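enclosed are the sequence and the experimentally obtained structure.
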Amino acid sequence: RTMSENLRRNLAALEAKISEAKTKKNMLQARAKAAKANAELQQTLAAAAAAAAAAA
Amino acid sequence: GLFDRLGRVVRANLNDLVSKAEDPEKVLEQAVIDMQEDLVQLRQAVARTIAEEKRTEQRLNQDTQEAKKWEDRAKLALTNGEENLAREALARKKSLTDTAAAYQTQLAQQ
Amino acid sequence: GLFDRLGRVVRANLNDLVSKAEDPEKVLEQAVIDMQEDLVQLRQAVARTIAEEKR
């Protein structure tokens, strides 16, 4: 019965850090998707706007 | 390599002849039409950064109201004398306030 | 790419010639007719927000 209090806390502490890792996963993946889009948009627009205007 | 340079010269001579064939005045207004749609592409991406900025602010409001919920569960545990459950609720509250500071930092950058 | 820019210039030259062909005064009243039906589209959607609010 003393062991089962210890196991019931260890089981709750394990799912608590699994739960934490899952919320972190969503936020980290979101930042990676956003950063991919920011780089492509900024570089593509700046290059095209300089290039077409100068040629014309 | 030498044959790459010679290859690009025969290809460039034909491409330059085609560039001579179109009127520079017509190509200059086509370039302004093209440049106007380039601004159309930029506004869509920029507007989506505003949507993404607001999405991190939504997550911040979700995690901060979840922290208030857990604080109410901690208060309930303390009036019920279950101090062990109050500490458990405070641990959930701490991870929500620490990630809220990360989202505040992300939102400041955005 | 270079051939995309050259391609849009040959296509734009033909499109600009067609834009020169129509009278700007007639196209300006066609634009007012078009703009009046644009307000017709907005009122239907706005009225449906009132219906959704009531729901």
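Perfect, thanks for sending it. Numbers count the residues shown, from 1 in each chain, chains lettered A, B, ... in the order given.

can you pull the contacts of residue B:28?
Listed by C-beta atoms under 8 Å, 6 or more residues apart in numbering or on different chains, the contact partners of residue B:28 are residue A:56. C-betas here are computed from N, CA, C, even on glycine.

residue B:97 reaches residue B:68, doesn't it?
No: shown here, residue B:97 and residue B:68 do not form a contact pair, counting by C-beta atoms under 8 Å, at 10.4 Å.

so which of these two has more stuff around it?
Residue environment comparison for residue B:97 versus residue B:68 gives the larger neighbour count to residue B:97, 14 against 10, counting by other C-beta atoms under 10 Å in any protein chain shown.

separation between that one and residue B:104?
According to C-beta to C-beta, to the nearest Å, residue B:97 and residue B:104 sit 10 Å apart.

what helix or strand is residue 33 located in?
Let's take chain A. For residue A:33, the enclosing helix or strand under DSSP states H and E is helix A:2-55.

hm, I was asking about chain B
Assessed by DSSP H and E, residue B:33 sits inside helix B:24-79.

related to what we said a few turns ago, list the helices and strands the helix holding residue A:33 packs on?
helix B:24-79, helix B:83-109 (3 or more C-beta pairs under 8 Å, 6 or more residues apart in numbering or on different chains; DSSP states H and E).

let's have these in JSON lines, adding distance to residue B:9.
Putting these into JSON lines (distance: least, C-beta to C-beta, whole Å) gives the following:
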{"stretch": "helix B:24-79", "distance to residue B:9": "23"}
{"stretch": "helix B:83-109", "distance to residue B:9": "48"}
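
out of those, nearest to residue B:5?
helix B:24-79 (27.6 Å; C-beta to C-beta).
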